[PDB]
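**Student:** The structure follows.
All Cβ positions, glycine included, derive from the backbone under ideal geometry; neighbour counts span all protein chains shown. Read the figures in this text as sums done on the coordinates, not as results from a lab.
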Amino acid sequence: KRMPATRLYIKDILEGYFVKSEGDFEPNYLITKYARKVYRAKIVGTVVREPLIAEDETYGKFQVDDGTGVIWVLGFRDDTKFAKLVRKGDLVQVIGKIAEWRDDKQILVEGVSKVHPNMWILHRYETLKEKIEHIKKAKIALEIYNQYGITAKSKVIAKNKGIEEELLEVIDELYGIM
Amino acid sequence: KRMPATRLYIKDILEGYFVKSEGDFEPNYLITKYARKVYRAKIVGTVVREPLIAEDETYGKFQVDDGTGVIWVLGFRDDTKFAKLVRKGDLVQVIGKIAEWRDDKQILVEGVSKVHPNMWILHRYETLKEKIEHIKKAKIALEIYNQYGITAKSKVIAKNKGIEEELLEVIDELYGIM
Amino acid sequence: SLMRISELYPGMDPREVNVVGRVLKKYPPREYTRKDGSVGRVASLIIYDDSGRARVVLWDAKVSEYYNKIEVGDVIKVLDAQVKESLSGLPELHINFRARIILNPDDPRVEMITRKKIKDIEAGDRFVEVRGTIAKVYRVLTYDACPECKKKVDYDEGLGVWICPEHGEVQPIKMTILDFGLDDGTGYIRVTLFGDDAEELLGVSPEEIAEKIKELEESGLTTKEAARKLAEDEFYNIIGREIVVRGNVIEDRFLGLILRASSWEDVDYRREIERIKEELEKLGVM
Amino acid sequence: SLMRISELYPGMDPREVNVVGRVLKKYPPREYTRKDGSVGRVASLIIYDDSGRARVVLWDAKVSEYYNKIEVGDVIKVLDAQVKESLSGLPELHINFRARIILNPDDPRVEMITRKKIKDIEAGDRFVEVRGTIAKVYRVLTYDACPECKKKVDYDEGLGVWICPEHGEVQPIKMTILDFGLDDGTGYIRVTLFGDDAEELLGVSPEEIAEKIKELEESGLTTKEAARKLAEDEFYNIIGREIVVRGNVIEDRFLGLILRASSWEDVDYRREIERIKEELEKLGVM
Amino acid sequence: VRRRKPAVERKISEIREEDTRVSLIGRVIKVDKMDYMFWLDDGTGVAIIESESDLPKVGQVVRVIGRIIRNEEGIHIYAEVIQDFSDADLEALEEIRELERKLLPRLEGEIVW
Amino acid sequence: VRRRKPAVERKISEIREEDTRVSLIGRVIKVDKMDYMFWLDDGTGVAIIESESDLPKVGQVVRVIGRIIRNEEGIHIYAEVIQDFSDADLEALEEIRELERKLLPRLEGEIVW
DNA sequence: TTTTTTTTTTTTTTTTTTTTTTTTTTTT
Ligand SMILES: [Zn+2]
Ligand SMILES: [Zn+2]
């Protein structure tokens, strides 16, 4: 399998809780304040500064601002090529893995490309739609968790209300983190 | 003023017409078969014999062969030092004043120094380039001389065609010699 | 035979064709013009069995031989007919010199007579429209193809010519293959583009791609290795681009679902925003 | 604004700072350590207007934003910079987050701020490359010079020290002077080399030259006479050598055109042959 | 640690005193190619945009991200980013700005752990 | 008056019967340190060079100016000058030899007094 | 309608000194 890249506001990534998987092959993920488990991030913003390419070409990075937050986007080794593509002022869409370095969340670039201003508008519309969809589902799942917890009975009730079983585990994990 | 040293084949110097200036201060010069007025010569060849230093150190001489001719190079009094610098077999570049002794043209050494084999190649390339440049200019100047001679009208026509006024005088002088 | 009309497929062996059907419709015989300039006859009927319907096309002497003998409600048995794809993508039975029809046969069968999210996509899905982000570039390469069937052509060193197994000696055309991934926020799917569609997305000519593949192969890489390398080194810029792909989903026995894209196009942002507004209205926002 | 660099003072309101200057010098970007332990970047330039010069210090993201965009001879406009006192008591412009720079501005103050043959050379010529033969050696000598400005230093017998008129009490360095002539086949020009360039061409140390000059002076010759004699007696071997000189041409009020050579180098024979091939092609040889 | 403050989306008429970095979207009405300044009209007001290097064209629709400069001459924007918003559906943008204004505070306030 | 005949530039394969003093350029392939002889290969042939005092090294590129010796054992060159042509651009030398061959006779023939 | 076939995954980051240019003739 290959899980989805979740379209989010930079603020939601920044305020999230990064989870480092102990296994050498397990993917790292983030749990947002609204109990959203995110493996990959899909953001749309403006490149605010001319990229930073290390002289030794070991890493390349660029900054993206979407209005709700500012995040760094990093490409290592030959992946430095991604940072060379962009320039200060470009309006871009970024997909990648969420990483945490020095307790600051960032995006490990998988892809970056220039977008039309209407794509930024489409991004804002989709981000808000998905956010409302998720919050309403998580609110019902939280009530199920507070009443029954993670039991075989609660899993059946969650499926009946259109809630994935994984959502109850995310709530429990978030409660454990907080 | 100090006029230029013309890069030539030894053959062109040897076949030339030496002109002794009657004035005690006027420089001697040579007129080649292609109507080239030469005050100083710049040649590149091999020292073919061990130098000749007179026991009394009054003169020093060495022989240079470039493939097109063989010429003697002379240094007098303390200038004998120039001949002491070289040895049989050295590939050298020589600059000096053209002289005629016993109806044989020679070079009164002003400077002699060892050169890299690629300098000999560069010398051959430059010598041929300059020769073609000169011949084509002298051919047009000869037509002007045969039609008008040395008149104010011919001098204006010569300047328009990129020919120096001095070139027409050289042609007239060469015709007088021959 | 137990064969049903639902089992017919275009290009199936005419020797296997053995179906029965009751006549539902008969259209008038028509004239048609042959390649040689002569005029022939053609007549069509619609038949059906317990499984589905098929157009039956009678050609030339088969019209004179059977057309007046058949009537609506009669059952016919069709043998040795060629199966073609109709203008609507459905099987049709062509009754040419080779084919036979049995009127009212003695046979046991006689008595029996779009926008989709990646999370919802299934194997074998047809005409699916998916809007998403280019997430990965697997391979970029070009191969010599037949200009008619677009299949890989073989170079014969003995004759010095290019041979297509279906069309014989042909002049080869360079066909571009682009394998990438697409993400829509609810799922991930592999995508393959061919020729003109792939060249349009890549923005590089197939002849230029062939030259770059040759340089990589000369360095000691196989065709497989060179295709993956060119995708990562030169076509990584395409990643992050939002596009709309349309195609059919085939299931690879190890690679999983692969979307064979017939076409790709730029996102119509106003159309997409209207879809989102519909979803927001359903959530009680507007 | 009419503001000039001469009007800047440390601690002046950054909102009043509005100056223009042409870039005279650019130094390499450097790293510096912050109070928090992190490492930043800093880069300095020297600019000047019709009134004076100022150091311009680019901090952190301002280096990435502007440093490569600026070049010597370009004019910049500086706004909202902090003014600090330099280590020499002079104003410096600090380009931090608040400050702005406009490259080649539209401002009324702005207007107020190669291979050549010897036959084509003119007085005051700058950056001229000439390939020719060393034809004459005029003078070879060494003088005591200041290590900073390279100007002649005076020995004070009362104090026993060496005094530079610009830097005061200094430790003198021996500076070599080589005056010679160069011929390219189309003309003749005088050439002067200094210090390390002259020592490289002569192949003798300045301390050794000073010793030989001393021996000649002791014999009854002046400094002028000894310099001409050493050039003829010991450095005559350099005559006849083909070299490439680069420098600026100054016109002496009696000596004529003198080429002050900044550098000298050996002839690149392949480069020279290619130039000749270009000329031959123009003549219709090739 | 002065982390980069995200550009706050505003209309020219709604700019606040506490705003240090803003995002404005409008049409260019005048370009001064000597003082490197241009006049941006969004429908709600006109802002004087001081640019360092990029000067737009007259009549071009642009999005400007800049730092606000408050001096005795008024309030001008020192432009950091100027983007071509010529084919941008400002009607759709205005509609999403209103949707975010209404729904974002309600979504955050729904958290009852 | 036997004036010194200039060394005629030739390739080993182009040596003529009437040639008495020649200039050859090649690579040393064998050195006999007892008979003071060496084998020179220019690409067009191999010549046996008899030297009086200077013996080159094997693999060294050298230019030889010598008198031709014609005897019952063959044609050997009595070397007069042996120069180190190790850094010499023989490609450029070959190109100038062809330019001189083509253009020199034409330049002399242009004289119509 | 096509080529050729093994999907995904972690971690790595600071400007000079001092002043008069060039030229003929002499040879075992
Ligand atoms: Zn075919
Ligand atoms: Zn000093």
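**Student:** Where along chain E is the Cβ that lies nearest the axis linking it to chain F, and how many Å separate them?
**Tutor:** Per the Cβ-to-axis criterion, the result reads E:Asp87, 12.
**Student:** Which log10 I(q)/I(0) values does the protein assembly as shown give at q = 0.05 Å⁻¹ under the Debye formula, counting every alpha carbon as one identical point scatterer?
**Tutor:** Normalising to I(0) and taking log10 leaves -0.68.
**Student:** With a/c under 1.5 counting as rounded, go ahead and sort segment D:114-283 into rounded, prolate or oblate using the C-alpha gyration tensor (a ≥ b ≥ c being the square roots of the eigenvalues; past the cut-off, prolate if a/b is larger than b/c, else oblate). Intermediate values should be presented prior to the final figure.
**Tutor:** Working: a/c = 2.42, a/b = 1.92, b/c = 1.26.
Taking the square roots of the gyration eigenvalues as a ≥ b ≥ c, segment D:114-283 is prolate.
**Student:** Here's another thing I want to ask about it. According to the square roots a ≥ b ≥ c of the eigenvalues of the Cα gyration tensor, what is the shape class of segment D:229-286, taking rounded for a/c under 1.5, prolate for a/b larger than b/c otherwise, and oblate for the remainder?
**Tutor:** Note, shape of segment D:229-286 comes out prolate.
**Student:** Within 13 Å, Cβ to Cβ, of D:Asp50, how many net charges do the neighbouring residues add up to if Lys/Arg are +1 and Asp/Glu are -1?
**Tutor:** So the environment of D:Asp50 carries a net charge of 0.
**Student:** Once you put a point 7 Å from the Cα of B:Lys136 and another 7 Å from the Cα of B:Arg87, both along the Cβ direction, what distance in nm separates them?
**Tutor:** Going from the B:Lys136 label point to the B:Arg87 one covers 4.4 nm.
**Student:** So, one more: What does the charge add up to near E:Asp35, with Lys and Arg as +1, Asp and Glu as -1, over the other residues with Cβ less than 9 Å from its Cβ?
**Tutor:** Charge balance near E:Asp35 sits at -3.
**Student:** When Cβ neighbours within 10 Å are restricted to other protein chains, what is their mean count per residue of peptide F:99-112?
**Tutor:** The mean count of partner-chain Cβ atoms within 10 Å per residue comes to 4.
**Student:** For segment C:187-216, list residues with backbone N below 14 Å from a point placed 7 Å from the Cα of A:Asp78 toward its Cβ?
**Tutor:** Residues C:216 fall inside that zone.
**Student:** Taking A:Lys81 as the anchor, which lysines have their alpha carbon closer than 18 Å to its alpha carbon, excluding any fewer than eight residues away along the same chain?
**Tutor:** Answer for A:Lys81, where 18 Å is the Cα cut-off: A:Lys61, A:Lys97, A:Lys114, C:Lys136, C:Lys229, listed by chain and number.
**Student:** Something else about it: Hey, what do the phi angles of segment B:51-58 turn into as Karplus ³J(HN,Hα) couplings, whole Hz, using 6.51/-1.76/1.60 and θ = phi - 60°, x for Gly and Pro?
**Tutor:** So the J values, rounded to whole Hz, are x, 10, 10, 5, 3, 6, 6, 7.
**Student:** Separate question: For label points placed 7 Å from Cα toward Cβ, what is the shortest-first list of nm distances from B:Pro27 to its copies?
**Tutor:** Those label-point separations list as 8.5 nm.
**Student:** Could you calculate the FRET efficiency of C:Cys149 with C:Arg271 from 1/(1 + (r/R0)^6), where r is the beta carbon distance between them and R0 is 41 Å, rounded to 0.05?
**Tutor:** Here the calculated transfer efficiency is 0.70.
**Student:** Using each residue's phi in segment C:36-43, evaluate 6.51 cos²θ - 1.76 cosθ + 1.60 at θ = phi - 60° and report the 3J(HN,Hα) Karplus result to the nearest Hz, with x for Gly and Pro.
**Tutor:** 7, x, 6, 10, x, 10, 8, 9
**Student:** First obtain the Kirkwood hydrodynamic radius of segment A:5-177 from its Cα pairs, then insert it into the Stokes-Einstein equation at 20 °C and 1.002 mPa s, and state the resulting D in µm² per second as a whole number.
**Tutor:** For the chosen part, D equals 124 µm²/s.
**Student:** Just checking the output field for D:97-105: average partner chain Cβ neighbours within 10 Å of each residue's Cβ? Display every interim value, and only then the final one.
**Tutor:** Values: counts 3, 3, 1, 9, 2, 6, 3, 2, 5.
Partner Cβ neighbours, averaged per residue: 4.
**Student:** I'd like the mean, over residues of B:94-100, of how many other protein chain beta carbons sit within 10 Å of each residue's own Cβ.
**Tutor:** 2
**Student:** Let me ask something else about it. If r is the Cβ-Cβ distance from C:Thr223 to C:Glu251 and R0 is 30 Å, what FRET efficiency results, to the nearest 0.05? Display every interim value, and only then the final one.
**Tutor:** Values: r = 25 Å, r/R0 = 0.83.
Efficiency computed from Cβ-Cβ geometry: 0.75.
**Student:** What ratio of Cα Rg to 2.2 N^0.38 Å holds for chain F?
**Tutor:** Chain F yields a ratio of 1.19.
**Student:** Which cross-chain or sequence-distant (5 or more) residues have an amide H under 5 Å from the amide H of E:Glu80, H modelled 1.01 Å from N in plane?
**Tutor:** Those lying under 5 Å, H to H, from E:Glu80 are E:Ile65, E:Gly66, E:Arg67.
**Student:** Also, I was wondering about something else. Using just the helices of the protein assembly as shown, give the 222 nm mean residue ellipticity in deg cm²/dmol: DSSP H runs with n ≥ 4 each add -39,500 (n - 2.57), and the total is spread over all residues, rounded to 500.
**Tutor:** -7000 deg cm²/dmol
**Student:** Once phi is turned into ³J(HN,Hα) by the Karplus curve 6.51 cos²θ - 1.76 cosθ + 1.60 with θ = phi - 60°, what whole-Hz value does each residue of segment B:93-108 show in order, with x for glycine and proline?
**Tutor:** The phi angles translate into 10, 10, 10, x, 8, 6, 10, 10, 10, 6, 6, 10, 6, 8, 10, 8 Hz.
**Student:** To continue, here is another question. Place the peptides C:218-230, E:20-32, B:61-73 in order of packing, highest mean first, counting for every residue the other Cβ atoms within 10 Å and averaging per peptide. Show your work: numbers first, answer last.
**Tutor:** Values: C:218-230: 14.6, E:20-32: 17.8, B:61-73: 21.8.
The most tightly packed comes first, giving B:61-73, E:20-32, C:218-230.
**Student:** State the Cα centre-to-centre distance between segment C:10-59 and segment F:34-75 in whole Å.
**Tutor:** Each part's Cα centre sits 95 Å from the other's.
**Student:** Something else about it: If you put a point 7 Å past Cα along the Cβ direction, how far is that point for C:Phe194 from the same point in each other copy, in nm, smallest first?
**Tutor:** 7.6
**Student:** Taking the convex hull of the alpha carbon atoms in segment C:5-112, what volume per residue do you get, in Å³? Could you put the intermediate results ahead of the total?
**Tutor:** On the way: hull volume 11.3 nm³, N = 108.
In segment C:5-112, the Cα convex hull volume per residue is 105 Å³.
**Student:** Okay, next question. Would you tally the net charge around A:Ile13, using a Cβ to Cβ cut-off of less than 12 Å, leaving A:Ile13 out, and scoring K and R as +1, D and E as -1?
**Tutor:** Value of the local net charge: +3.
**Student:** Calculate the translational D of segment B:1-47 in whole µm² s⁻¹ from Stokes-Einstein, where the hydrodynamic radius comes from the Kirkwood formula applied to all Cα pairs, the temperature is 37 °C and the viscosity 0.692 mPa s.
**Tutor:** 286
**Student:** Turning to a different aspect of this structure: What does the C-alpha gyration tensor say about the overall shape of chain C? Classify as rounded when a/c is under 1.5, otherwise prolate if a/b is larger than b/c, or oblate.
**Tutor:** On the way: a/c = 2.73, a/b = 1.55, b/c = 1.76.
Taking the square roots of the gyration eigenvalues as a ≥ b ≥ c, chain C is oblate.
**Student:** Quick query: amide H of C:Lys151 versus all other amide H atoms, modeled in the peptide plane; which residues come in under 5 Å with a sequence gap of 5 or more or a different chain?
**Tutor:** HN-HN under 5 Å from C:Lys151: C:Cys146.
**Student:** Say a label goes 7 Å from Cα toward Cβ at D:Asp156 in every copy; what distances in nm does this one have to the rest, shortest first?
**Tutor:** 10.3
**Student:** Now a separate question. Grab segment E:8-109 and count how many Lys pairs have their alpha-carbon atoms under 19 Å apart, sequence gap of 8 or more, or different chains.
**Tutor:** Values: E:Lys11/E:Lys30; E:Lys11/E:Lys102; E:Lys30/E:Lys57; E:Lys33/E:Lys57.
Pairs that pass both the separation and distance tests number 4.
**Student:** Compute the distance in nm between two label points, each set 7 Å from the Cα along the Cα-to-Cβ direction, one at F:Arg4 and one at E:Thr44.
**Tutor:** If labels sit at F:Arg4 and E:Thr44, their model points lie 9.7 nm apart.
**Student:** Related question: Can you give the FRET efficiency for E:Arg70 and C:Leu90, using 1/(1 + (r/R0)^6), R0 = 51 Å, r = Cβ-Cβ distance, to the nearest 0.05?
**Tutor:** 0.10
**Student:** Mind jotting down a quarter of the surface of the convex hull over the alpha carbons of segment B:91-159, in square nanometres, one decimal?
**Tutor:** 7.2
**Student:** Right, here's the next one. Label-point separation (nm) for F:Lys57 and C:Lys119, each offset 7 Å from Cα along Cα-to-Cβ?
**Tutor:** 7.8
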